[PDB]
Structure formats: structure tokens, C-alpha cells
């Protein structure tokens, strides 16, 4: 797996992450926008595709998310992450700013945090 992928997310949970993106009211897309959202403290959850190159587009994200106390996780395919975000081309990363469902988001974050630790 790519060096920036710090823990394993099961397929089932990847599909839940894509759904959370797809139902979100507001998101940010791409390394620049996602980084700003995390810096500003407004990202509630960050999802990073596992097949992104070069390394410098997303490498800082796991570290920055930890520092800012923002949960993060992974999906296999940038093409899928793009589709979930409503794009017909890939997306390297996505931040959920306003989720579709607060309760679903809380539980999903909990699962991701269990997987990470």
C-alpha cells in the first residue's frame, strides 16, 4: 500500500465512507481545499483515496488530521471518491463539512477510530 496509507479500512466501511460523502450537504474536494478545511477546524471527517500519486499531494493529511483532532480514513479508488463527491473524474481527498445525517456520521467516525487504533 502507498506510504501515506496508515491503517486498513475494510471494503464494507469504504462503502459507508463513500455514502457519507454522497449524502453530505457540504464538502471540500482536493488537497488544497481539504487541507484548508482541516486547518480551519471545519472538517468533520477526511477521506483519502489510496491510489493517489505523487506522494506529496496527500502525505501530510494523516498527520495534520491527528494534530487537529479531526478523524480521517481511506477508500481504495480516487475514481470512486470522485464519483461520491459528484465528479465524473477522480478526487484525491474529500472533507465533510456539513454531513447529511449527524447520527450516522458519529457512528461511522467511531468505527473508523476503532479501525485506526
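Positions refer to the first chain, counted from 1.
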*Averaged over C-alpha atoms, is the B-factor higher for 51-59 or for 80-88 in this PDB entry?*
80-88
_Mean C-alpha B-factor comparison - 89-97 and 18-26, higher one_ = 18-26
*If you rank the chain by CA B-factor, which third does residue 8 end up in: lowest, middle or highest?*
highest
*asked:* How does the C-alpha B factor of residue 65 compare with the rest of the chain: lowest, middle or highest third?
replied: lowest
*Within-chain third of residue 42 by Cα B-factor, per the entry*: highest
